[PDB]
Amino acid sequence: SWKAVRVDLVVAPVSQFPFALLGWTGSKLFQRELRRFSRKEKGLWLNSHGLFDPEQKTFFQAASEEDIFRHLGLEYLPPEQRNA
DNA sequence: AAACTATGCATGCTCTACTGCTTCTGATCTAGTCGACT
């Protein structure tokens, strides 16, 4: 007896770990809205690898996911509160 | 002394093979578009 269930594996270094976790934990709509807000309001580009500033060509790496929200001037939300 | 035949040379045509140069074809590869997923 056995059943087929899909599984997805993704790898990322420790430096890019918080960004990957944020991008792969939140909902699709939440990620879209966060990326749109980052691009429009603050002018920064957010993706699964890191946060980039077109003006200054320097990455905004961080050691935790809380810092990612803190940089964007946004109140932190737990994963359970990111549903859409 | 005369006729036949052995021996050789010069040349054109043809099969057969071999070496080298050039060109064509089969095989090994990056850009554009659509689509899948997350």
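Proteins come first, then strands; the chains are lettered A, B, ... in the order of their sequence lines, and each starts at number 1.
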Students should find that the hydrophobic cluster of A:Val7, defined by side-chain heavy atoms under 4.5 Å apart, otherwise consists of A:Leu9
On a heavy-atom basis, the closest approach of A:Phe19 and A:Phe60 is CZ-O, 3.6 Å
Results of salt bridge (charged side-chain N to carboxylate O under 4.0 Å, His left out) for A:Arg39 - residues two or more places apart only: none
For A:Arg32, give me all partners under salt bridge (charged side-chain N to carboxylate O under 4.0 Å, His left out), at least two apart in sequence or on another chain. none
Does a sphere of radius 6.0 Å around [atom1] in [X] hold more than 12 heavy atoms from other residues, nucleotides or ligands, not counting ones at 6.0 Å or beyond?
X	atom1	value
A:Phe52	CZ	yes
A:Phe59	CZ	no
A:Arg36	CZ	no

Proximity to DNA chain B (any heavy atom under 4.0 Å), residues of residues 6-18 of chain A only: A:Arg6, A:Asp8
Contact list please: residues 20-38 of chain A against DNA chain B, heavy atoms, distance less than 4.0 Å, in numerical order. A:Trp24
Pull out every stem in DNA chain B, meaning runs of 3 or more consecutive Watson-Crick or G-U wobble pairs with both distances under 3.5 Å. none
When you measure from the side chain of A:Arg82 to the backbone of A:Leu77, do you find a donor-acceptor pair of N or O atoms at a distance under 3.5 Å? yes
Got a donor-acceptor contact below 3.5 angstrom from the A:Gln31 side chain to the A:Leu22 backbone? yes
Test item: A:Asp8 and A:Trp24 side chains (from C-beta on) under 4.5 Å apart, heavy atoms: no
My parser flags sugar pucker from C1'-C2'-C3'-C4'; what should it report for B:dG35, north or south? north
